[PDB]
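Just one chain follows, in the form deposited without its partner chain, and it is written as structure tokens.
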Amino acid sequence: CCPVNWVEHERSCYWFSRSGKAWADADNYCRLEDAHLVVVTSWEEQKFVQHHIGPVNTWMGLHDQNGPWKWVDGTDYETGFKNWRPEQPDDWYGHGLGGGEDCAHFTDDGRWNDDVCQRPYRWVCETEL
């Protein structure tokens, strides 16, 4: 029951961009497809997403723009799956672009990093069947 060009996996439909957008734009894009930026809640889901994105920085539906870490669909961050890269998240200001780092993305090895929301990265949308 996924739309055409979406990939079905464990009761979810995924769409993998082949272009980049700033996090807020990627967020708006997913919402307009009645979907959200991918919410990763298991090791199995992480591996599935990694397979399709490859070694490329890719936005996910996890951010801390208004304070504590939140998943875009309300999934609790504290008791949920996490796959941060060691020493991440670090809310780095050293990039000199203003602010810390408020948006999460999969890195080239799949592990997560918090980065500057304005960066154009590829993204993944997810909808639940």
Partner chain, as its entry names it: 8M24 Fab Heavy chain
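Positions refer to the first chain, counted from 1.
- For the segment pair 82-90 and 64-72, the entry gives 82-90 the higher mean B-factor, averaged over Cα atoms.
- When the mean C-alpha temperature factors of 119-127 and 2-10 are read from the deposited coordinates, 2-10 comes out higher.
- Of the candidates 38, 26, 104, 32, it is 32 whose Cα B-factor is highest according to the PDB record.
- Among the modelled residues of its chain, residue 58 has a C-alpha B-factor that falls in the lowest third according to the deposited record.
- Compared with the other modelled residues of the chain, the Cα B-factor recorded for residue 95 ranks in the lowest third.
Heads up, the form solved in complex with its partner chain isn't pictured, but that's what we're talking about next.
- Residue in contact with its partner chain in the deposited bound form (any heavy atom within 4.5 Å), chosen from 34, 87, 78, 91: 34.
- Figure note: of the listed segments 41-49, 100-108, 26-34, 79-87, the one touching its partner chain in the deposited bound form, with heavy atoms no more than 4.5 Å away, is 26-34.
- Shown alone here, residue 9 lies farther than 4.5 Å from its partner chain in the deposited bound form, counting heavy atoms only.
- With a 4.5 Å cutoff on heavy atoms, residue 15 counts as touching its partner chain in the deposited bound form.
- Of the residues in 106-129, those that come within 4.5 Å of its partner chain in the deposited bound form through at least one heavy atom are, in sequence order, 123, 127, 129.
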